[PDB]
file upload.csv (CSV, C-alpha atoms and all ligand atoms)
chain,number,residue,atom,x,y,z
A,143,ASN,CA,-22.2,9.8,-6.9
A,144,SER,CA,-21.3,7.4,-9.7
A,145,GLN,CA,-17.7,8.6,-9.8
A,146,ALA,CA,-17.3,8.0,-6.1
A,147,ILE,CA,-18.8,4.4,-6.4
A,148,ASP,CA,-16.6,3.7,-9.5
A,149,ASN,CA,-13.5,5.0,-7.6
A,150,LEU,CA,-14.2,2.9,-4.5
A,151,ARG,CA,-14.7,-0.2,-6.6
A,152,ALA,CA,-11.6,0.5,-8.7
A,153,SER,CA,-9.5,1.1,-5.6
A,154,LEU,CA,-10.7,-2.1,-3.9
A,155,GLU,CA,-10.0,-4.1,-7.1
A,156,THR,CA,-6.5,-2.6,-7.3
A,157,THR,CA,-6.0,-3.4,-3.5
A,158,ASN,CA,-7.1,-7.0,-4.1
A,159,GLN,CA,-4.6,-7.2,-6.9
A,160,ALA,CA,-1.8,-5.9,-4.6
A,161,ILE,CA,-2.7,-8.5,-1.9
A,162,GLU,CA,-2.4,-11.3,-4.6
A,163,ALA,CA,1.1,-10.0,-5.4
A,164,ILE,CA,2.0,-10.2,-1.7
A,165,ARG,CA,0.5,-13.7,-1.5
A,166,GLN,CA,2.8,-14.7,-4.5
A,167,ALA,CA,5.8,-13.2,-2.7
A,168,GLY,CA,4.9,-15.5,0.3
A,169,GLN,CA,4.9,-18.5,-1.9
A,170,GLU,CA,8.4,-17.6,-3.2
A,171,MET,CA,9.7,-17.1,0.4
A,172,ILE,CA,8.4,-20.5,1.3
A,173,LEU,CA,10.3,-22.0,-1.7
A,174,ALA,CA,13.4,-20.2,-0.5
A,175,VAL,CA,13.1,-21.7,3.1
A,176,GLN,CA,12.5,-25.2,1.5
A,177,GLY,CA,15.7,-24.7,-0.4
A,178,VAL,CA,17.6,-23.9,2.7
A,179,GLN,CA,16.2,-27.0,4.4
A,180,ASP,CA,17.1,-29.2,1.3
A,181,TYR,CA,20.7,-27.7,1.3
A,182,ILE,CA,21.2,-28.5,5.0
A,183,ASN,CA,19.8,-32.1,4.7
A,184,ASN,CA,21.7,-32.8,1.4
B,143,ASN,CA,-25.0,8.9,2.5
B,144,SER,CA,-21.9,11.0,3.0
B,145,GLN,CA,-21.0,9.1,6.3
B,146,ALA,CA,-21.2,5.7,4.5
B,147,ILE,CA,-18.9,6.9,1.6
B,148,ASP,CA,-16.5,8.5,4.1
B,149,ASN,CA,-16.4,5.3,6.2
B,150,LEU,CA,-15.8,3.1,3.1
B,151,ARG,CA,-13.0,5.3,2.0
B,152,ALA,CA,-11.5,5.5,5.5
B,153,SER,CA,-11.7,1.8,6.0
B,154,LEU,CA,-10.1,1.1,2.6
B,155,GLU,CA,-7.3,3.6,3.3
B,156,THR,CA,-6.7,1.9,6.7
B,157,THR,CA,-6.7,-1.6,5.0
B,158,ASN,CA,-4.2,-0.3,2.4
B,159,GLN,CA,-2.0,0.8,5.3
B,160,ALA,CA,-2.3,-2.6,7.0
B,161,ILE,CA,-1.2,-4.3,3.7
B,162,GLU,CA,1.9,-2.0,3.5
B,163,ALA,CA,2.8,-3.2,7.1
B,164,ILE,CA,2.6,-6.8,5.9
B,165,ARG,CA,4.7,-6.0,2.9
B,166,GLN,CA,7.3,-4.5,5.2
B,167,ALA,CA,7.2,-7.7,7.4
B,168,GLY,CA,7.9,-9.7,4.2
B,169,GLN,CA,11.0,-7.6,3.5
B,170,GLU,CA,12.3,-8.3,7.0
B,171,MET,CA,11.6,-12.1,6.6
B,172,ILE,CA,13.6,-12.0,3.4
B,173,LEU,CA,16.5,-10.3,5.2
B,174,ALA,CA,16.3,-13.1,7.8
B,175,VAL,CA,16.5,-15.9,5.2
B,176,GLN,CA,19.4,-14.0,3.5
B,177,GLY,CA,21.1,-14.0,7.0
B,178,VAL,CA,20.7,-17.8,7.3
B,179,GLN,CA,22.2,-18.3,3.8
B,180,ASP,CA,25.1,-16.0,4.6
B,181,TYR,CA,25.7,-17.8,8.0
B,182,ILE,CA,25.7,-21.2,6.2
B,183,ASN,CA,28.0,-20.0,3.4
B,184,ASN,CA,30.4,-18.1,5.8
C,143,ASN,CA,-27.9,2.2,-4.2
C,144,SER,CA,-28.2,0.1,-1.1
C,145,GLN,CA,-27.0,-3.1,-3.0
C,146,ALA,CA,-23.9,-1.2,-4.2
C,147,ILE,CA,-23.0,0.0,-0.7
C,148,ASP,CA,-23.7,-3.5,0.8
C,149,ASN,CA,-21.5,-5.1,-1.9
C,150,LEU,CA,-18.6,-2.7,-1.3
C,151,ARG,CA,-18.8,-3.3,2.4
C,152,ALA,CA,-19.1,-7.0,2.0
C,153,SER,CA,-16.1,-7.1,-0.4
C,154,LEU,CA,-14.0,-5.0,1.9
C,155,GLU,CA,-14.8,-7.2,4.9
C,156,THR,CA,-13.9,-10.3,2.8
C,157,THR,CA,-10.6,-8.6,1.7
C,158,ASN,CA,-9.8,-7.7,5.3
C,159,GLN,CA,-10.3,-11.4,6.2
C,160,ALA,CA,-8.0,-12.5,3.3
C,161,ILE,CA,-5.3,-10.1,4.6
C,162,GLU,CA,-5.6,-11.7,8.1
C,163,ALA,CA,-5.0,-15.1,6.5
C,164,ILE,CA,-1.8,-13.8,4.8
C,165,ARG,CA,-0.7,-12.3,8.1
C,166,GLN,CA,-1.2,-15.8,9.7
C,167,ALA,CA,0.8,-17.3,6.9
C,168,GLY,CA,3.6,-14.8,7.7
C,169,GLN,CA,3.6,-15.9,11.4
C,170,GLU,CA,4.0,-19.6,10.3
C,171,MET,CA,6.9,-18.7,7.9
C,172,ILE,CA,8.6,-16.9,10.8
C,173,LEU,CA,8.3,-20.0,13.0
C,174,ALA,CA,9.8,-22.1,10.1
C,175,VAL,CA,12.8,-19.7,9.9
C,176,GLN,CA,13.2,-19.9,13.7
C,177,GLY,CA,13.2,-23.7,13.4
C,178,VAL,CA,16.0,-23.6,10.8
C,179,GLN,CA,18.0,-21.3,13.1
C,180,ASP,CA,17.4,-23.6,16.1
C,181,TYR,CA,18.5,-26.7,14.0
C,182,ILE,CA,21.7,-25.0,12.9
C,183,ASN,CA,22.6,-23.8,16.5
C,184,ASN,CA,21.6,-27.1,18.1
D,452,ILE,CA,35.4,-31.2,-1.6
D,453,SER,CA,32.2,-29.5,-2.4
D,454,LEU,CA,32.2,-26.4,-4.7
D,455,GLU,CA,28.4,-25.9,-4.2
D,456,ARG,CA,27.2,-22.9,-2.0
D,457,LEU,CA,23.7,-22.3,-0.8
D,458,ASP,CA,21.9,-20.0,-3.2
D,459,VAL,CA,18.2,-19.3,-2.7
D,460,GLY,CA,18.6,-15.8,-4.2
D,461,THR,CA,16.4,-16.5,-7.2
D,462,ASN,CA,13.3,-17.3,-5.0
D,463,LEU,CA,14.2,-14.4,-2.7
D,464,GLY,CA,14.6,-12.1,-5.7
D,465,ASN,CA,11.3,-13.2,-7.0
D,466,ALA,CA,9.7,-12.5,-3.6
D,467,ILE,CA,11.2,-9.0,-3.6
D,468,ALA,CA,10.0,-8.4,-7.2
D,469,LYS,CA,6.4,-9.3,-6.1
D,470,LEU,CA,6.5,-7.2,-2.9
D,471,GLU,CA,7.6,-4.4,-5.2
D,472,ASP,CA,4.8,-5.0,-7.7
D,473,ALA,CA,2.4,-5.0,-4.7
D,474,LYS,CA,3.8,-1.6,-3.5
D,475,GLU,CA,3.1,0.0,-6.9
D,476,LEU,CA,-0.4,-1.4,-6.9
D,477,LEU,CA,-1.0,0.0,-3.4
D,478,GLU,CA,0.2,3.4,-4.5
D,479,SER,CA,-2.2,3.2,-7.5
D,480,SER,CA,-5.1,2.2,-5.2
D,481,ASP,CA,-4.3,5.3,-3.0
D,482,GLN,CA,-4.2,7.5,-6.1
D,483,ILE,CA,-7.7,6.4,-7.2
D,484,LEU,CA,-9.0,7.0,-3.5
D,485,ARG,CA,-7.4,10.5,-3.3
D,486,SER,CA,-9.1,11.4,-6.6
E,452,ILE,CA,36.8,-22.6,17.7
E,453,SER,CA,33.8,-20.4,16.7
E,454,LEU,CA,31.9,-18.6,19.5
E,455,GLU,CA,29.4,-17.1,16.9
E,456,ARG,CA,25.8,-18.5,16.7
E,457,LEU,CA,23.2,-17.9,14.0
E,458,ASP,CA,21.0,-15.0,15.1
E,459,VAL,CA,18.4,-13.6,12.7
E,460,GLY,CA,16.2,-12.7,15.6
E,461,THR,CA,16.3,-9.0,15.0
E,462,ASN,CA,14.9,-9.3,11.4
E,463,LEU,CA,12.4,-11.9,12.6
E,464,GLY,CA,11.4,-9.7,15.5
E,465,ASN,CA,11.0,-6.7,13.2
E,466,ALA,CA,8.8,-8.9,10.9
E,467,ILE,CA,6.6,-9.8,13.9
E,468,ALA,CA,6.3,-6.2,15.0
E,469,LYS,CA,5.1,-5.3,11.5
E,470,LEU,CA,2.6,-8.2,11.3
E,471,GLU,CA,1.3,-6.9,14.7
E,472,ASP,CA,1.1,-3.3,13.5
E,473,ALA,CA,-0.9,-4.7,10.5
E,474,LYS,CA,-3.2,-6.6,12.8
E,475,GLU,CA,-4.1,-3.4,14.7
E,476,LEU,CA,-4.8,-1.6,11.5
E,477,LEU,CA,-7.0,-4.4,10.2
E,478,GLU,CA,-9.0,-4.2,13.5
E,479,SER,CA,-9.3,-0.4,13.1
E,480,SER,CA,-10.5,-0.9,9.5
E,481,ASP,CA,-13.2,-3.3,10.7
E,482,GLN,CA,-14.2,-0.8,13.5
E,483,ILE,CA,-14.8,1.9,10.8
E,484,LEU,CA,-16.9,-0.6,8.6
E,485,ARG,CA,-19.0,-1.8,11.6
E,486,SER,CA,-19.8,1.9,12.4
F,452,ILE,CA,25.6,-40.3,14.7
F,453,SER,CA,22.5,-38.2,14.4
F,454,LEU,CA,19.4,-39.6,12.7
F,455,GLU,CA,17.6,-36.2,13.0
F,456,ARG,CA,17.0,-34.2,9.8
F,457,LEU,CA,15.8,-30.6,9.5
F,458,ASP,CA,12.0,-30.6,9.1
F,459,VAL,CA,10.1,-27.3,9.2
F,460,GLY,CA,7.6,-28.7,6.8
F,461,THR,CA,4.7,-28.4,9.2
F,462,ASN,CA,5.1,-24.7,9.6
F,463,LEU,CA,5.7,-24.2,5.9
F,464,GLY,CA,2.6,-26.4,5.1
F,465,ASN,CA,0.5,-24.3,7.5
F,466,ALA,CA,1.8,-21.1,5.8
F,467,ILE,CA,0.8,-22.6,2.4
F,468,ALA,CA,-2.6,-23.6,3.7
F,469,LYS,CA,-3.2,-20.0,5.0
F,470,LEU,CA,-2.0,-18.4,1.7
F,471,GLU,CA,-4.5,-20.7,0.0
F,472,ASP,CA,-7.3,-19.8,2.4
F,473,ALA,CA,-6.4,-16.1,1.5
F,474,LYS,CA,-6.6,-16.9,-2.2
F,475,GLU,CA,-10.1,-18.2,-1.9
F,476,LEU,CA,-11.2,-15.2,0.1
F,477,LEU,CA,-9.7,-12.8,-2.5
F,478,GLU,CA,-11.7,-14.6,-5.2
F,479,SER,CA,-14.9,-14.3,-3.2
F,480,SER,CA,-14.2,-10.6,-2.6
F,481,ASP,CA,-13.9,-10.2,-6.4
F,482,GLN,CA,-17.1,-12.1,-7.0
F,483,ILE,CA,-19.0,-9.7,-4.7
F,484,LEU,CA,-17.4,-6.7,-6.6
F,485,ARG,CA,-18.2,-8.0,-10.1
F,486,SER,CA,-21.9,-8.6,-8.9
G,501,MG,MG,8.0,-5.7,-11.1
G,502,MG,MG,0.9,8.5,-5.7
G,503,MG,MG,4.0,-1.9,16.9
G,504,MG,MG,-12.6,-3.8,17.4
G,505,MG,MG,-7.8,-24.3,3.7
G,506,MG,MG,-14.7,-16.2,-9.2

call {"tool": "encode", "arguments": {"input": "upload.csv", "output": "structure tokens"}}
result
Amino acid sequence: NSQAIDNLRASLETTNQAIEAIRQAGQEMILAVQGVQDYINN
Amino acid sequence: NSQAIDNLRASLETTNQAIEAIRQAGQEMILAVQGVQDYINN
Amino acid sequence: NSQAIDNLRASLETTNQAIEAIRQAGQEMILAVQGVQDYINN
Amino acid sequence: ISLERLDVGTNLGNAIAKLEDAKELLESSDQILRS
Amino acid sequence: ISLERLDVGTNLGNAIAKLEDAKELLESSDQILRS
Amino acid sequence: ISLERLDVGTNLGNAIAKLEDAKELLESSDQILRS
């Protein structure tokens, strides 16, 4: 029914948003490892 | 049909569960980087 | 309708593919931290 | 002498904040599905 | 002398185990979708 | 003397490339949903 389709779409859009937040966490973790490498080399 | 709606919901719940496992992996990776920083500083 | 079901399935398959790419990024980040540990120990 | 210490806590803190934002969004996704 | 080595292998091993648990769940999600 | 420096840039670059491949797939997923 239209509520079931709306809820599946809304859940999947929310899930996609959650995955983007995890992707951003990954970028920050990479910056942290780069900062460890810079500290060792410097 | 009801099988198609049940399968989309079950797949999305399984996908959400997979994302939580990746989120937990991220937490463990952060603990590992914290352990590298502690070892360097100590 | 059949377009709505096809689009939800196609979006969820694409989302699952995106999550696998993030999972692979995590594996590479782990290899980078292992390389920092090897460099410190060696 | 060097008074500098290694400190990547701001990037690691930002990463934790984003993993936590993600957790709340995954719980909201599940709430919509259960409904 | 210091006989300690850096060892974050348990956290990295835990991270790998969870990325692998995630892989199996993504394959199961795809199996439900193909069906 | 040691002329070696720490360089994990290839694994970190690979990780960035994959996070970026993921970003493009998430945008494509959203495009299908909006449609
Ligand atoms: Mg927050
Ligand atoms: Mg809840
Ligand atoms: Mg396991
Ligand atoms: Mg299979
Ligand atoms: Mg690419
Ligand atoms: Mg777009």

call {"tool": "calpha_fit_and_write", "arguments": {"input": "upload.csv", "fixed": "chain B", "moving": "chain C", "output": "PDB file with C-alpha atoms, in the coordinates of the input"}}
result
ATOM      1  CA  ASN C 143     -24.975   8.886   2.495  1.00  0.00           C
ATOM      2  CA  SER C 144     -21.892  10.976   2.981  1.00  0.00           C
ATOM      3  CA  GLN C 145     -20.996   9.108   6.298  1.00  0.00           C
ATOM      4  CA  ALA C 146     -21.240   5.761   4.454  1.00  0.00           C
ATOM      5  CA  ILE C 147     -18.945   6.888   1.632  1.00  0.00           C
ATOM      6  CA  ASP C 148     -16.473   8.501   4.138  1.00  0.00           C
ATOM      7  CA  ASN C 149     -16.446   5.268   6.196  1.00  0.00           C
ATOM      8  CA  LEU C 150     -15.783   3.058   3.163  1.00  0.00           C
ATOM      9  CA  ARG C 151     -12.989   5.311   2.065  1.00  0.00           C
ATOM     10  CA  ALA C 152     -11.545   5.549   5.499  1.00  0.00           C
ATOM     11  CA  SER C 153     -11.666   1.733   5.940  1.00  0.00           C
ATOM     12  CA  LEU C 154     -10.063   1.147   2.593  1.00  0.00           C
ATOM     13  CA  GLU C 155      -7.251   3.602   3.331  1.00  0.00           C
ATOM     14  CA  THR C 156      -6.697   1.866   6.724  1.00  0.00           C
ATOM     15  CA  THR C 157      -6.669  -1.580   4.959  1.00  0.00           C
ATOM     16  CA  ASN C 158      -4.202  -0.297   2.375  1.00  0.00           C
ATOM     17  CA  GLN C 159      -1.948   0.829   5.274  1.00  0.00           C
ATOM     18  CA  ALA C 160      -2.264  -2.627   6.968  1.00  0.00           C
ATOM     19  CA  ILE C 161      -1.212  -4.283   3.668  1.00  0.00           C
ATOM     20  CA  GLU C 162       1.898  -2.000   3.544  1.00  0.00           C
ATOM     21  CA  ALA C 163       2.803  -3.192   7.043  1.00  0.00           C
ATOM     22  CA  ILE C 164       2.564  -6.865   5.916  1.00  0.00           C
ATOM     23  CA  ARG C 165       4.667  -6.032   2.878  1.00  0.00           C
ATOM     24  CA  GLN C 166       7.310  -4.530   5.290  1.00  0.00           C
ATOM     25  CA  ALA C 167       7.116  -7.658   7.356  1.00  0.00           C
ATOM     26  CA  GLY C 168       7.817  -9.680   4.170  1.00  0.00           C
ATOM     27  CA  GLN C 169      10.965  -7.564   3.454  1.00  0.00           C
ATOM     28  CA  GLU C 170      12.271  -8.295   7.034  1.00  0.00           C
ATOM     29  CA  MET C 171      11.594 -12.085   6.639  1.00  0.00           C
ATOM     30  CA  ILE C 172      13.567 -11.989   3.377  1.00  0.00           C
ATOM     31  CA  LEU C 173      16.527 -10.342   5.128  1.00  0.00           C
ATOM     32  CA  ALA C 174      16.316 -13.077   7.875  1.00  0.00           C
ATOM     33  CA  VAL C 175      16.469 -15.814   5.176  1.00  0.00           C
ATOM     34  CA  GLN C 176      19.432 -14.026   3.545  1.00  0.00           C
ATOM     35  CA  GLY C 177      21.148 -13.975   6.948  1.00  0.00           C
ATOM     36  CA  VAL C 178      20.685 -17.748   7.354  1.00  0.00           C
ATOM     37  CA  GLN C 179      22.136 -18.262   3.860  1.00  0.00           C
ATOM     38  CA  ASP C 180      25.100 -15.968   4.636  1.00  0.00           C
ATOM     39  CA  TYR C 181      25.754 -17.870   7.980  1.00  0.00           C
ATOM     40  CA  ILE C 182      25.732 -21.233   6.240  1.00  0.00           C
ATOM     41  CA  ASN C 183      28.097 -20.050   3.373  1.00  0.00           C
ATOM     42  CA  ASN C 184      30.387 -18.144   5.734  1.00  0.00           C
TER      43      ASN C 184
END

call {"tool": "atom_distance", "arguments": {"input": "upload.csv", "atom1": "atom CA of residue 153 of chain A", "atom2": "atom CA of residue 482 of chain F"}}
result
15.3 Å

call {"tool": "residues_around", "arguments": {"input": "upload.csv", "residues": "residue 478 of chain F", "least_positions_apart": "2", "cutoff": "10 Å", "atoms": "only C-alpha atoms", "output": "PDB file with C-alpha atoms, keeping the file's coordinate frame"}}
result
ATOM      1  CA  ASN A 158      -7.100  -7.000  -4.100  1.00  0.00           C
ATOM      2  CA  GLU A 162      -2.400 -11.300  -4.600  1.00  0.00           C
TER       3      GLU A 162
ATOM      4  CA  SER C 153     -16.100  -7.100  -0.400  1.00  0.00           C
ATOM      5  CA  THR C 156     -13.900 -10.300   2.800  1.00  0.00           C
ATOM      6  CA  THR C 157     -10.600  -8.600   1.700  1.00  0.00           C
ATOM      7  CA  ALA C 160      -8.000 -12.500   3.300  1.00  0.00           C
TER       8      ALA C 160
ATOM      9  CA  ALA F 473      -6.400 -16.100   1.500  1.00  0.00           C
ATOM     10  CA  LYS F 474      -6.600 -16.900  -2.200  1.00  0.00           C
ATOM     11  CA  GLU F 475     -10.100 -18.200  -1.900  1.00  0.00           C
ATOM     12  CA  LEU F 476     -11.200 -15.200   0.100  1.00  0.00           C
ATOM     13  CA  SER F 480     -14.200 -10.600  -2.600  1.00  0.00           C
ATOM     14  CA  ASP F 481     -13.900 -10.200  -6.400  1.00  0.00           C
ATOM     15  CA  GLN F 482     -17.100 -12.100  -7.000  1.00  0.00           C
ATOM     16  CA  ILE F 483     -19.000  -9.700  -4.700  1.00  0.00           C
ATOM     17  CA  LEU F 484     -17.400  -6.700  -6.600  1.00  0.00           C
TER      18      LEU F 484
END

call {"tool": "residues_around", "arguments": {"input": "upload.csv", "residues": "residue 173 of chain B", "least_positions_apart": "4", "cutoff": "7 Å", "atoms": "all atoms listed in the file", "output": "PyMOL selection string"}}
result
(chain B and resi 169+177) or (chain E and resi 462)

call {"tool": "atom_distance", "arguments": {"input": "upload.csv", "atom1": "atom CA of residue 167 of chain C", "atom2": "atom CA of residue 472 of chain D"}}
result
19.5 Å

call {"tool": "interface_residues", "arguments": {"input": "upload.csv", "of": "chain C", "to": "chain E", "cutoff": "8 Å", "atoms": "all atoms listed in the file", "output": "list in words"}}
result
residues 151, 155, 158, 162, 165, 168, 169, 172, 179, 182 and 183 of chain C

call {"tool": "atom_distance", "arguments": {"input": "upload.csv", "atom1": "atom CA of residue 178 of chain C", "atom2": "atom CA of residue 178 of chain A"}}
result
8.3 Å

call {"tool": "axis_aligned_box", "arguments": {"input": "upload.csv", "around": "segment 175-178 of chain B", "padding_each_side": "3 Å", "output": "AutoDock Vina command-line options"}}
result
--center_x 18.8 --center_y -15.9 --center_z 5.4 --size_x 10.6 --size_y 9.8 --size_z 9.8

call {"tool": "closest_residue", "arguments": {"input": "upload.csv", "among": "B:171, B:144, B:176, B:163", "to": "ligand MG 503 (chain G)", "atoms": "only C-alpha atoms and all ligand atoms"}}
result
B:163

call {"tool": "closest_residue", "arguments": {"input": "upload.csv", "among": "A:146, A:180, A:152, A:159", "to": "chain B", "atoms": "all atoms listed in the file"}}
result
A:146

call {"tool": "closest_residue", "arguments": {"input": "upload.csv", "among": "B:164, B:148, B:184, B:170", "to": "chain C", "atoms": "all atoms listed in the file"}}
result
B:164

call {"tool": "build_atoms", "arguments": {"input": "upload.csv", "residues": "segment 157-180 of chain A", "atoms": "N, CA and C atoms", "output": "tab-separated table (two decimals), in the frame of the given file"}}
result
chain	number	residue	atom	x	y	z
A	157	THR	N	-6.47	-2.87	-4.82
A	157	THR	CA	-6.00	-3.40	-3.50
A	157	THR	C	-6.00	-4.91	-3.51
A	158	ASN	N	-7.08	-5.53	-4.00
A	158	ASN	CA	-7.10	-7.00	-4.10
A	158	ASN	C	-6.00	-7.54	-4.93
A	159	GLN	N	-5.70	-6.83	-6.01
A	159	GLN	CA	-4.60	-7.20	-6.90
A	159	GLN	C	-3.26	-7.14	-6.19
A	160	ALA	N	-3.06	-6.08	-5.40
A	160	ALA	CA	-1.80	-5.90	-4.60
A	160	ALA	C	-1.69	-7.04	-3.60
A	161	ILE	N	-2.79	-7.44	-2.96
A	161	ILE	CA	-2.70	-8.50	-1.90
A	161	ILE	C	-2.32	-9.83	-2.61
A	162	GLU	N	-2.84	-10.07	-3.83
A	162	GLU	CA	-2.40	-11.30	-4.60
A	162	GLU	C	-0.93	-11.28	-4.85
A	163	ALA	N	-0.35	-10.12	-5.15
A	163	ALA	CA	1.10	-10.00	-5.40
A	163	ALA	C	1.86	-10.37	-4.08
A	164	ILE	N	1.37	-9.88	-2.94
A	164	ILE	CA	2.00	-10.20	-1.70
A	164	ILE	C	1.86	-11.73	-1.36
A	165	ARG	N	0.72	-12.29	-1.71
A	165	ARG	CA	0.50	-13.70	-1.50
A	165	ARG	C	1.53	-14.52	-2.35
A	166	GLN	N	1.77	-14.09	-3.58
A	166	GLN	CA	2.80	-14.70	-4.50
A	166	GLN	C	4.16	-14.55	-3.88
A	167	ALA	N	4.46	-13.39	-3.32
A	167	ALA	CA	5.80	-13.20	-2.70
A	167	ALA	C	5.91	-14.25	-1.56
A	168	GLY	N	4.87	-14.47	-0.77
A	168	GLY	CA	4.90	-15.50	0.30
A	168	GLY	C	5.21	-16.85	-0.23
A	169	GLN	N	4.65	-17.24	-1.35
A	169	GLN	CA	4.90	-18.50	-1.90
A	169	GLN	C	6.41	-18.64	-2.29
A	170	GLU	N	6.99	-17.59	-2.86
A	170	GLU	CA	8.40	-17.60	-3.20
A	170	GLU	C	9.29	-17.66	-1.94
A	171	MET	N	8.93	-16.97	-0.91
A	171	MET	CA	9.70	-17.10	0.40
A	171	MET	C	9.64	-18.48	0.93
A	172	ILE	N	8.51	-19.14	0.81
A	172	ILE	CA	8.40	-20.50	1.30
A	172	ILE	C	9.32	-21.39	0.44
A	173	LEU	N	9.35	-21.25	-0.87
A	173	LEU	CA	10.30	-22.00	-1.70
A	173	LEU	C	11.73	-21.75	-1.26
A	174	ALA	N	12.06	-20.54	-0.91
A	174	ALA	CA	13.40	-20.20	-0.50
A	174	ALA	C	13.73	-20.99	0.85
A	175	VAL	N	12.83	-20.99	1.83
A	175	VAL	CA	13.10	-21.70	3.10
A	175	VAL	C	13.19	-23.22	2.79
A	176	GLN	N	12.38	-23.76	1.89
A	176	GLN	CA	12.50	-25.20	1.50
A	176	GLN	C	13.84	-25.43	0.89
A	177	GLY	N	14.36	-24.50	0.12
A	177	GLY	CA	15.70	-24.70	-0.40
A	177	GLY	C	16.81	-24.62	0.57
A	178	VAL	N	16.66	-23.86	1.62
A	178	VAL	CA	17.60	-23.90	2.70
A	178	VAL	C	17.55	-25.22	3.43
A	179	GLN	N	16.36	-25.72	3.72
A	179	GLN	CA	16.20	-27.00	4.40
A	179	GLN	C	16.82	-28.14	3.50
A	180	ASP	N	16.55	-28.13	2.22
A	180	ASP	CA	17.10	-29.20	1.30
A	180	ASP	C	18.63	-29.07	1.36
